[PDB]
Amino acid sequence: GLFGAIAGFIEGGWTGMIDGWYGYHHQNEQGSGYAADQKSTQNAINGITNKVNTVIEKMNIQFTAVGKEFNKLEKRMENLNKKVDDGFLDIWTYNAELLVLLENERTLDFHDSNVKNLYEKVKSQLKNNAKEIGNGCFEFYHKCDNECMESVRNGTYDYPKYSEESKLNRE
């Protein structure tokens, strides 16, 4: 994708993560598990829901549109009516197909952006208390229990608390 996260440095998705589009997988002494990031997920749902509603909202209700009839001496008017009908149909078909292709491109890019932003947000919180090990994973230089894991997940990670232990481990 445009931001290099989805089908990029993070090769694959998690079927194990069923509660949101984006989130975290952790492994520590206490065990392992997945948890969706509710904030980034909910924001994304609101945006995409607004985008879908906007597309539907712009196409106004169609009111009664029916054929007209013309006698053998009104061939020009018949062809004019057909020209008008065909012209409008050509335009709406063009508009519909192009809008969906563009919004689809923008949507996939939007998800890619959201995933990269979540990774960088985690990266900047952890700083040098962990190492980047590829595939969007961090390996801690200190012991990180479920409380520690929750502090990263909910954006309140305490760098100084583990800075000494991490420094010792990093050597």
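Numbers follow the displayed sequence, beginning with 1.
Asker: Compare the mean C-alpha B-factor of 140 to 148 with that of 45 to 53 as given in the PDB entry, and name the stretch with the higher value.
Answerer: Mean C-alpha B-factor is greater for 140 to 148.
Asker: If you average the Cα B factors in the entry, which is higher, 107 to 115 or 23 to 31?
Answerer: Taking the mean C-alpha B-factor of 23 to 31 and of 107 to 115, the larger value falls to 23 to 31.
Asker: Can you work out whether the C-alpha temperature factor of residue 168 puts it in the lowest, middle or highest third of the chain?
Answerer: Within its chain, residue 168 is a highest-third residue by C-alpha B-factor, going by the deposited values.
Asker: For the chain shown, is the CA B-factor of residue 122 in the lowest, middle or highest third of its modelled residues?
Answerer: Within its chain, residue 122 is a middle-third residue by C-alpha B-factor, going by the deposited values.
Asker: Please place residue 102 in the lowest, middle or highest third of its chain according to the CA B-factor in the PDB entry.
Answerer: Tercile = lowest for this residue's CA B-factor.
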